[PDB]
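> got the complex split up, this is the first portion:
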Amino acid sequence: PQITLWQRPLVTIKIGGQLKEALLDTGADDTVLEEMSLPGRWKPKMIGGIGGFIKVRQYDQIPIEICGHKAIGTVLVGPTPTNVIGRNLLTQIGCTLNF
C-alpha cells in the first residue's frame, strides 16, 4: 500500500501467533519488540537510541507478518517505548521511501 505520515505509521504484525501493533521506522537499523516469549537461544546486543543505550535479547530467523506481508528475520526484545519495525524487515517486505 501507500502510507502517508500525517499520523504514526502504526500497523498490525503477527509473531508467534499473536497480533501486535508496531511502528514502521526507517530511522531504525533493527527491529525491536517489547518483552515477549520467543523460541530458541538468544545473543546479546547493545543498541543506541536518541536517549542512550539499552541491552536487548537477539533472536534470529523468526517468522513475522507485517501488514500480512510474510518475513523471517532477526527480532530484538527489550525495554523499548514501542514496538518498532526497522529496515532489516522493511526490506524483506519490499518497502521504499517515495517523494
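Yep, that arrived. Numbering: from 1, shown residues only, chains lettered A, B, ... in the order given.
> which SS state does residue A:89 fall under?
Counting by DSSP: H, G, I helix; E, B strand; the rest coil, the backbone at residue A:89 sits in helix.
> quick one: contacts for it?
When the contact criterion is Cβ atoms under 8 Å, 6 or more residues apart in numbering, the partners of residue A:89 are A:31, A:64, A:66, A:71, A:73. Where you see a C-beta, it was placed from the backbone N, CA and C, and this is true even at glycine.
> roughly how far out does the host helix or strand of residue A:54 sit from the chain middle?
Following DSSP states H and E, one finds residue A:54 within strand A:52-66. Strand A:52-66 sits 7 Å away from the centroid of its parent chain (Cα atoms, centre = their mean, to the nearest Å).
> Repeat that for stretch A:84-99.
That offset, for stretch A:84-99, works out to 10 Å (Cα atoms, centre = their mean).
> For that stretch, list every residue counted as buried.
Using 16 or more other Cβ atoms under 10 Å as the test for burial, stretch A:84-99 gives A:84, A:85, A:86, A:88, A:89, A:90, A:92, A:93, A:95.
> let's bring in chain B now:
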Amino acid sequence: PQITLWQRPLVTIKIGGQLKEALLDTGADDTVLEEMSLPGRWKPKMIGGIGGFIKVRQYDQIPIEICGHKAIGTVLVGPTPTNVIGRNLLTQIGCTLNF
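The block that follows adds chain B to the chains above:
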C-alpha cells in the same frame, strides 16, 4: 525520488545557512538536530526514544530545505546522537512509505 532501505536513508538539508546530513525517519514525531544556532523564540522540551529522554530547545516556523524541497516547521535542537527528520517535515515534502 524513490529511496531504498538497503542503507540508512541519509539526505542533505540546508537550514539556517548551513548544510547538514540527516536521517529520514518515518517513526519520528519530530525533527531533531545536533547543537546549532537558530534565530527567534524557543522553549524547552523533553523528547523520548530508545534509552530514555533528552532535553532540547524547540523553535517553530523554521525554514528548511530537504533534497531541494522547501518546507517550514518545528525544529528541535539538542544533544541527539544523530540528525533526524521526523514526520512533521516529511509530510510537507510529500514523502510516503510504499510496498
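> What about the buried residues of stretch A:84-99 again, now that chain B is present?
A:84-93, A:95-97, A:99 (16 or more other Cβ atoms under 10 Å in any protein chain shown).
> Span of it from start to end?
For stretch A:84-99, the separation between the terminal residues is 22 Å (Cα to Cα, to the nearest Å).
> Stretch A:85-99 now?
Using Cα to Cα, one end of stretch A:85-99 lies 21 Å from the other.
> That stretch and chain B, are they touching?
Yes. Residues of stretch A:85-99 contacting chain B under Cβ under 8 Å from any Cβ of the partner chain: A:87, A:90, A:91, A:93, A:94, A:95, A:96, A:97, A:98, A:99.
> of these, closest to residue B:9?
The closest of the residues of stretch A:85-99 next to chain B to residue B:9 turns out to be residue A:97 (Cβ to Cβ; 5.8 Å).
> ok, which residues in chain A are in contact with chain B?
A:1-6, A:8-9, A:23-29, A:32, A:47-54, A:67, A:69, A:80-81, A:84, A:87, A:90-91, A:93-99.
> Same list, the buried residues of stretch A:84-99, but as CSV with distance to residue B:36 please.
Rendered in CSV, the data for those read as follows (distance: Cβ to Cβ, whole Å):
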residue, distance to residue B:36
A:84, 27
A:85, 31
A:86, 27
A:87, 27
A:88, 31
A:89, 33
A:90, 30
A:91, 32
A:92, 36
A:93, 36
A:95, 31
A:96, 30
A:97, 25
A:99, 25
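> Since that was my last question, I'll sign off now.
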